[PDB]
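**Q** Sequence lines, in order, name chains V and B.
Residue 2 is where the first sequence starts when you use our numbering, and the numbers rise one by one after that.
Residue -2 is where the second sequence starts when you use our numbering, and the numbers rise one by one after that.
All C-beta atoms in this analysis are idealised placements derived from N, C-alpha and C, irrespective of residue type, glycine included.
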Amino acid sequence: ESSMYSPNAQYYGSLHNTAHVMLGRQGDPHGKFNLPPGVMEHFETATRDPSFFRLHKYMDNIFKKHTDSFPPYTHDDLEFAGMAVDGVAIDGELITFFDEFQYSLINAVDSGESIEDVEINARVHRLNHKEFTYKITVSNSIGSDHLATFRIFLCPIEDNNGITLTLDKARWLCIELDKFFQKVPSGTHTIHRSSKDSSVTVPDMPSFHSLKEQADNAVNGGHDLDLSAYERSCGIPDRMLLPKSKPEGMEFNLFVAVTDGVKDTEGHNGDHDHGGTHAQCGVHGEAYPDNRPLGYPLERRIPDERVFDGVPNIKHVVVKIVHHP
Amino acid sequence: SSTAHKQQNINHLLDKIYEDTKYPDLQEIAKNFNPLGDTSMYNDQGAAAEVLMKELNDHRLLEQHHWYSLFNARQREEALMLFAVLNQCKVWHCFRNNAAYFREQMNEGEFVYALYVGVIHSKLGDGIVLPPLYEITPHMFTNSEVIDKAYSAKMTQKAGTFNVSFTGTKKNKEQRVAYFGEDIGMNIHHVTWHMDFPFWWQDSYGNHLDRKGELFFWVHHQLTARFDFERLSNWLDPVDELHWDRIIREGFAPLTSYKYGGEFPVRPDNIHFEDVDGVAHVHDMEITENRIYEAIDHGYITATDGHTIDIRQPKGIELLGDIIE
Ligand SMILES: *[C@@H]1O[C@H](CO)[C@@H](O)[C@H](O)[C@H]1NC(C)=O
Ligand SMILES: [Cu+2]
Ligand SMILES: [Cu+2]
Ligand SMILES: [Mg+2]
Ligand SMILES: [Mg+2]
Ligand SMILES: [Mg+2]
Ligand SMILES: [O]
Ligand SMILES: [O]
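Okay, structure coming up:
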């Protein structure tokens, strides 16, 4: 990155952070023009720049050489004994669209001494999607109910040239859609999971105006302020859960891995509240609740798809996403 | 000397063009006919036949079973010597007998070319339909893989029909529009236009080709515009223009072969033009280009003695086609 956890910054330096600055300053690399830092030199702005993603794919491939170095998982590595994913389905169509969102620009303008404010807003078009529900039918043939981790990814089927991807060629392109822990009772049952409850996403933030209104009303009235329903600001926006896709529709693989929750959450309790954004943002003030490597079970090479196809607790199905322009 | 007999004669002459003729009548003619025996059959009283026979007798003609290119100056000159003889024949028996005689003496590529333009540009050819060149010389229209299956079908003496796929791979975005330039009929359109309107035409051959230089502009403008419409249909940008001082971005592997001469050469992506020994320096192309643009921007073409030929007039585009081709 590097962080202050680095055991040896004198030798390994700070590749990623220095690269942000190197790229950010390429419009004035020697300081001759008195230009300020580039958008790459702020986390507020860095993803605006196309080169952000070329830099971060470069970095991602460094990590990938490490994750590719381990032995591929075996059947016995992956099998959650007695747990079968019988079916994966979605209630509701997968549809994306653009809608409108407003925020205030008042803090950006200069206020006169004893002249009144005026409302000044920006209106942006943002991606969004309709709500839907996963229906994951699992058969628990162990003699008792068992905690399970449900891991949900969206994976490409074909590339931009229309070439069908192998699982090994798809896995590093998959995007995480959800991760949750749930007790699976003995027998066959369909687990229902709302898109709105994804542990990858969080809602749009409440406005400054709304926070002022609520705090002022509580302080002025002597009432307690309860903002506990508000989620953290770390997490993919709910509205961006799905890729835009195309008006004509695109097909993707919806990948579901159901893994041993007692093992995955050992030491972190499978009954405890892990918040709304634990997949990538962790749990505020707590250890990370999933002991598995980030990306499990897609983070190792899969040279032989037969291994995954023979694991009953893994299943993928084709879904279609349509963009409504 | 009727259309049925003339068509059959042409059919026979073009049959199995890489081997000595299998028709007893044509073998007899090739053995016994003397192109110089009765000069009263020619409009030039044998002048063209004398030129070709001298070249033949001096062992100066291209051997059979050898590649032929119309752009090769000496090979073109040899083909045109046979064209010149056919073009002088007053009656069909002269045309047929000379064709049969020189079929067995001259390179097959030169012969096919001369016979086609001879039929097209002689009144004796009226009413004849030339077979498609993709069946007379299939190597020039068929990728090497399919020819090999044909060679295999012949080696094994088994009939078959073999599927031709377009060149390249799906990773090659240019393959998206291969159905345009690789269409066998589009190839016949192109060769036939140039057979109808050849750059080597001189009006001493018997007539003038009206507006040829402007039609040269137009037919190629339409090929270019039609190709770009296919690119637009396949989510591709228009073609760039070539420039002598910039790289040719898109390379090409034809995956095709000559019957004699080997595989057609490949061009890698992103190459700069190099001088071609015996043809021209890249710089010569730039100078030639500059001189043409000088005429366009002057509004006149400069004659050999320096006097001006006005092109600010409807025939200017035709004169430009004359000097550009
Ligand atoms: C060739 O194409 C035809 C139809 O286009 C098809 O019936 C046949 O299966 C193809 N042959 C091979 C070997 O793919
Ligand atoms: Cu970064
Ligand atoms: Cu042409
Ligand atoms: Mg959430
Ligand atoms: Mg297996
Ligand atoms: Mg040679
Ligand atoms: O970043
Ligand atoms: O970052």
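Provide the residue(s) that pair with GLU177 of chain V in DSSP beta bridges, ordered along the chain.
**A** As a position in the first sequence, residue 177 of chain V is number 176, starting the count at 1. V:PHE154, per the DSSP bridge assignment.
**Q** Measure from the C-beta of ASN162 of chain V to each C-beta in chain C and report whether the shortest distance is under 9 Å.
**A** No chain C appears in this structure, whose protein chains are V and B.
**Q** Hey, does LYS13 of chain B have any beta-carbon neighbour from chain V nearer than 9 Å?
**A** On the second sequence, residue 13 of chain B is found 16 positions in, with the first residue counted as 1. No, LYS13 of chain B does not count as interfacial toward chain V.
**Q** Considering just the uninterrupted stretch of the alpha helix (DSSP H) at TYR113 of chain B, what are its terminal residues?
**A** Locating residue 113 of chain B in the second sequence gives position 116, where the first residue counts as 1. Here the alpha helix (DSSP H) through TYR113 of chain B covers 105 to 118.
**Q** I'd like the span of the alpha helix (DSSP H) that includes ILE284 of chain B, first residue to last.
**A** In the second sequence, counting from the first residue as 1, residue 284 of chain B sits at position 287. Here the alpha helix (DSSP H) through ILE284 of chain B covers 279 to 295.
**Q** Since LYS168 of chain B meets chain V, which of its residues come closer than 8 Å, beta carbon to beta carbon?
**A** In the second sequence, the residue the question calls residue 168 of chain B occupies position 171. Chain V residues near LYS168 of chain B: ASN162 and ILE164.
**Q** When the Cα of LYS28 of chain B is compared with those of B:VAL88, B:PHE99, B:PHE226 and B:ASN40, which residue comes out closest?
**A** Walking along the second sequence from the start, residue 28 of chain B turns up at place 31. Nearest C-alpha to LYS28 of chain B: B:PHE99.
**Q** Buried or exposed, going by whether 16 or more other CB atoms sit within 10 Å of the CB of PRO304 of chain V?
**A** Numbered from its first residue, the first sequence carries residue 304 of chain V at position 303. Per the 10 Å Cβ criterion, exposed.
**Q** Ignoring anything shorter than 4 residues, give me the alpha helix (DSSP H) runs that lie fully in the stretch 57 to 136 of chain V, in order along the chain.
**A** For the stretch 57 to 136 of chain V, whole alpha helix (DSSP H) runs of length 4 or above, ordered along the chain, are 76 to 79.
**Q** So if DSSP puts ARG57 of chain B in a beta bridge, which residue, or which two residues, is it bridged to?
**A** Working through the second sequence from its first residue, we reach residue 57 of chain B at position 60. In the DSSP output, where bridge partners are listed per residue, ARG57 of chain B has none listed.
**Q** Grab me the residues of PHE177 of chain B's own chain with a C-beta within less than 8 Å of its C-beta, minus the 5 sequence neighbours each way, in chain order.
**A** Reading the second sequence from its first residue, position 180 is the one you call residue 177 of chain B. So the qualifying residues of the chain are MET183, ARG223, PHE224 and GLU227.
**Q** Within a Cβ cutoff of 6 Å, which residues of the same chain sit near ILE7 of chain B, ignoring the five residues on either side of it in sequence?
**A** On the second sequence, position 10 is the one that residue 7 of chain B refers to. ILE125.
**Q** Taking the continuous alpha helix (DSSP H) assigned at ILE321 of chain B, which residues delimit it?
**A** The residue given as residue 321 of chain B occupies position 324 in the second sequence. Counting along the chain, the alpha helix (DSSP H) containing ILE321 of chain B begins and ends at 313 to 321.
**Q** Touch check for the stretch 92 to 102 of chain V and the stretch 117 to 132 of chain V: three-plus C-beta pairs under 8 Å?
**A** These segments touch.
**Q** Do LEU16 of chain V and ligand 2 come close, with the Cβ less than 8 Å from some heavy atom?
**A** Within the first sequence, the letter at position 15 stands for residue 16 of chain V. False, no ligand heavy atom lies under 8 Å from that Cβ.
**Q** Does the beta-carbon of residue 339 of chain B have 16 or more other beta-carbons within 10 angstroms, so that it is buried, or is it exposed?
**A** The requested residue 339 of chain B does not occur in the structure, where chain B is confined to residues -2 to 322.
**Q** Pairs of beta-carbons, one from the stretch 90 to 108 of chain B and one from the stretch 295 to 304 of chain V, closer than 8 Å: are there three or more?
**A** Output reads no: the stretch 295 to 304 of chain V does not touch the stretch 90 to 108 of chain B.
**Q** What's the C-alpha gap between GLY28 of chain V and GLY39 of chain V?
**A** Here residue 28 of chain V corresponds to residue number 27 of the first sequence, with the count starting at 1. Here residue 39 of chain V corresponds to residue number 38 of the first sequence, with the count starting at 1. C-alpha separation (whole angstroms): 8 Å.
**Q** Helix, strand or coil for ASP227 of chain V per DSSP?
**A** Looking up residue 227 of chain V in the first sequence gives position 226. DSSP places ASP227 of chain V in coil when its eight states are reduced to three.
**Q** Just to confirm, is the Cβ distance from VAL89 of chain V to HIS269 of chain V under 9 Å?
**A** For the purposes of this step, residue 89 of chain V is taken as the residue at position 88 of the first sequence. For the purposes of this step, residue 269 of chain V is taken as the residue at position 268 of the first sequence. Not closer than 9 Å, so no.
**Q** Taking the beta carbon of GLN310 of chain B as the centre, do at least 16 other beta carbons fall within 10 Å, making it buried, or is it exposed?
**A** Reading the second sequence from its first residue, position 313 is the one you call residue 310 of chain B. By the neighbour-count rule (16 or more Cβ atoms within 10 Å), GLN310 of chain B is not buried but exposed.
**Q** Assign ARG26 of chain V to one of three DSSP states: helix, strand, or coil.
**A** Start at 1 with the first residue of the first sequence, and residue 26 of chain V comes out as number 25. It is coil, neither helix nor strand.
**Q** Please return the same chain residues whose Cβ sits closer than 6 Å to the Cβ of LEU67 of chain B, not counting the five positions on each side in sequence.
**A** As a position in the second sequence, residue 67 of chain B is number 70, starting the count at 1. Cβ within range, chain order: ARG73.
**Q** With respect to 8 Å, is the separation between the Cβ of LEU79 of chain V and the closest non-hydrogen atom of ligand 5 below this value?
**A** Counting from 1 along the first sequence, the entry for residue 79 of chain V is found at position 78. True, at least one ligand heavy atom lies under 8 Å from that Cβ.
**Q** Where are the beta strand (DSSP E) runs, 3 residues long or more, that stay fully inside the stretch 244 to 304 of chain V, in chain order?
**A** Here the runs fully enclosed are 251 to 261.
**Q** Where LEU226 of chain V and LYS170 of chain B are concerned, what is the direct C-alpha to C-alpha distance, given to the nearest angstrom?
**A** One-based indexing of the first sequence puts residue 226 of chain V at position 225. One-based indexing of the second sequence puts residue 170 of chain B at position 173. Distance between the alpha carbons of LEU226 of chain V and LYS170 of chain B: 60 Å.
**Q** Which one or two residues does DSSP pair with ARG264 of chain B in a beta bridge?
**A** Translated into positions along the second sequence, residue 264 of chain B becomes position 267. Answer is B:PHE249.
**Q** Just the C-alpha distance for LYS209 of chain B and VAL188 of chain B, rounded to the nearest angstrom, thanks.
**A** Position 212 of the second sequence, counted from the first residue, corresponds to residue 209 of chain B. Position 191 of the second sequence, counted from the first residue, corresponds to residue 188 of chain B. Cα to Cα, the separation comes out at about 15 Å.
**Q** Nearer than 8 Å: is that true of the beta carbon of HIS56 of chain B relative to any heavy atom of ligand 6?
**A** Taking the second sequence and counting its residues from 1, the one referred to as residue 56 of chain B is at position 59. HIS56 of chain B: no, Cβ never under 8 Å from ligand 6.
**Q** Compute the beta-carbon to beta-carbon distance between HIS21 of chain V and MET60 of chain V, rounded to the nearest angstrom, for a pair I have assumed lies under 8 Å.
**A** The residue given as residue 21 of chain V occupies position 20 in the first sequence. The residue given as residue 60 of chain V occupies position 59 in the first sequence. Contact flag wrong, Cβ pair sits at about 10 Å.
**Q** By alpha-carbon positions, which one of B:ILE293, B:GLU271 and B:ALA76 ends up nearest to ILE244 of chain B?
**A** Along the second sequence, one-based indexing puts residue 244 of chain B at 247. For the residues B:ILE293, B:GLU271 and B:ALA76, the minimum Cα distance to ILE244 of chain B belongs to B:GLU271.
**Q** Would the C-beta of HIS63 of chain B count as close to ligand 6, meaning under 8 Å from any of its heavy atoms?
**A** The sequence position of residue 63 of chain B within the second sequence is 66, counting from 1. Yes; taking the cut-off as 8 Å, the Cβ of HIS63 of chain B has a heavy atom of ligand 6 nearer than that.
**Q** DSSP beta-bridge partners for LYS19 of chain B?
**A** As a working note, residue 19 of chain B is residue 22 in the second sequence. Bridge partners of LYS19 of chain B: none, in fact.
**Q** Would you please state the rounded distance, in angstroms, between the beta carbons of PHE309 of chain V and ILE158 of chain V? I believe it to be under 8 Å.
**A** Stepping through the first sequence from its first residue, residue 309 of chain V is reached at position 308. Stepping through the first sequence from its first residue, residue 158 of chain V is reached at position 157. Contact doesn't hold; Cβ gap of about 15 Å is too wide.
**Q** Which residue comes first and which comes last in the beta strand (DSSP E) that contains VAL323 of chain V?
**A** As a first step, residue 323 of chain V is located in the first sequence; it is residue number 322 there, counting from the start. Here the beta strand (DSSP E) through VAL323 of chain V covers 315 to 324.
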